[PDB]
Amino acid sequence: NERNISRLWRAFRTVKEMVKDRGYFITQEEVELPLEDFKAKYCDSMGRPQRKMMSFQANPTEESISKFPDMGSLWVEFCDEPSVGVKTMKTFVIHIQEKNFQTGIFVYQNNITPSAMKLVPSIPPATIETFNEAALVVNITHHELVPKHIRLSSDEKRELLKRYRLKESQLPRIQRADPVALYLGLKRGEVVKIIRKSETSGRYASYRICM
């Protein structure tokens, strides 16, 4: 019961990296928060993790808001209830809506009730995404053979389609449920620039449109 603190601290780091990679403001120094510091701030006087102290909000960076004018705020919740029931989910949904968050990242420990799951798409235009803690211990996008995926702005996409005489329907595709698409929270119509980690320039990358 000490290696579970370490696993949580690592899941925490991955969530921060995911949010940073999506274009929200999180410092790398924060992403790299030392284990001791984590214990000192997010664990109680007896040394036990209090996930309710970990939840946080994130806003777009200045560079992101200029490219994505309609990009809103994001809320990350680490559920303190192992198996998430309908009532626990509803209170999370209520928070997202009332505080006007555009995206809600819902991290859970073991599972989420079927009834609870029925609430994920209940508050448009906001979207809620769910992630299992065990899957966040290691950042799947940090693998050497997984290239860098970067979402293009509407302007960039238009410029791409114009430069190559193509309709968006003629671009290589990426499935909505693709593991990297899920990581970035991609939506139908968005395009990602793909840069192999073996190449040393963002030039000639590949492009895929989300389904």
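Throughout, we count residues from 1 along the sequence that is shown.
Checklist entry - Out of 158-166 and 35-43, which one has CA B-factors that are higher on average in the deposited record? => result According to the entry, 158-166 carries the higher average C-alpha B-factor.
Checklist entry - Higher mean Cα B-factor in the deposited model: 84-92 or 115-123? => result Higher mean C-alpha B-factor: 115-123.
Next on the checklist: Using only the C-alpha B-factors in the record, can you name which of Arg151, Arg51, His142, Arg173 has the highest?
Outcome noted: If I rank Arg151, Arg51, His142, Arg173 by C-alpha B-factor, first place goes to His142.
Checklist entry - What's the residue among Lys197, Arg10, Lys20, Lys193 with the greatest CA temperature factor in the PDB record? => result Among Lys197, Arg10, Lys20, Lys193, the highest C-alpha B-factor in the entry belongs to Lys197.
Checklist entry - Going by the entry, which third of its chain does the Cα temperature factor of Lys16 land in? => result Lowest third, going by the recorded CA B-factors of the chain.
Checklist entry - If you rank every modelled residue in this chain by C-alpha B factor, which third holds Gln28: lowest, middle or highest? => result It belongs to the highest third of the chain when residues are ordered by C-alpha B-factor.
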